[PDB]
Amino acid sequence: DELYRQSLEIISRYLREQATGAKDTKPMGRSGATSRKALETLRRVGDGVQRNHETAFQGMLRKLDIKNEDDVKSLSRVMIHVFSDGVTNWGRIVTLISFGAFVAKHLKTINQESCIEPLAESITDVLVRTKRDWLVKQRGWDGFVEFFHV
């Protein structure tokens, strides 16, 4: 699943950078240029989204009450329930990923770094399984890079 593979590379690298500050030096494989451009886009748009939505993000994080792996595993059902309905737009997708980065920072703060990769996998899974049709129409990560280009 090329779209899952590419989406996971971008989302897991962003969530790891945000939580730990470390940069992945490993090559990204197929559609690497677009993946690197999408990750660069997330660094700029994602930082500002977390600052802009800080109050609601703090509130949503507190209600989810994530403290371990078992709490992370139960997030997939929550994301599927909220993200499946309503109109999709790039704003909604970047804010889903930016909230994932906000939760990843919380996971590092509580010394649960081992939960960051399962969280990135769970976000990617919900994005691709619920929005593949819309992502095909919008040209996937090429569409994402173009939409937020400045």
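Counting begins at 1, following the sequence as shown. If you superpose the two forms and keep the largest set of C-alpha atoms that fall within 1.5 Å, you have the rigid core.
- After superposing on the rigid core, the larger RMS C-alpha deviation in 6 other deposited structures of this protein belongs to 48-56, the other candidate being whichever of 48-56 and 99-107 remains.
- In terms of root mean square C-alpha deviation after superposing on the rigid core in 6 other deposited structures of this protein, the stretch standing farther out between 81-89 and 32-40 is 81-89.
- Stretches 79-87 and 118-126 differ in mean CA B factor, with 79-87 having the higher one.
- The mean C-alpha temperature factor is higher for 50-58 when 94-102 and 50-58 are set side by side.
- The entry lists a Cα temperature factor for residue 25 that places it in the highest third of the chain's modelled residues.
- Residue-level temperature factors show residue 148 in the highest third of its chain, judged at the C-alpha atom.
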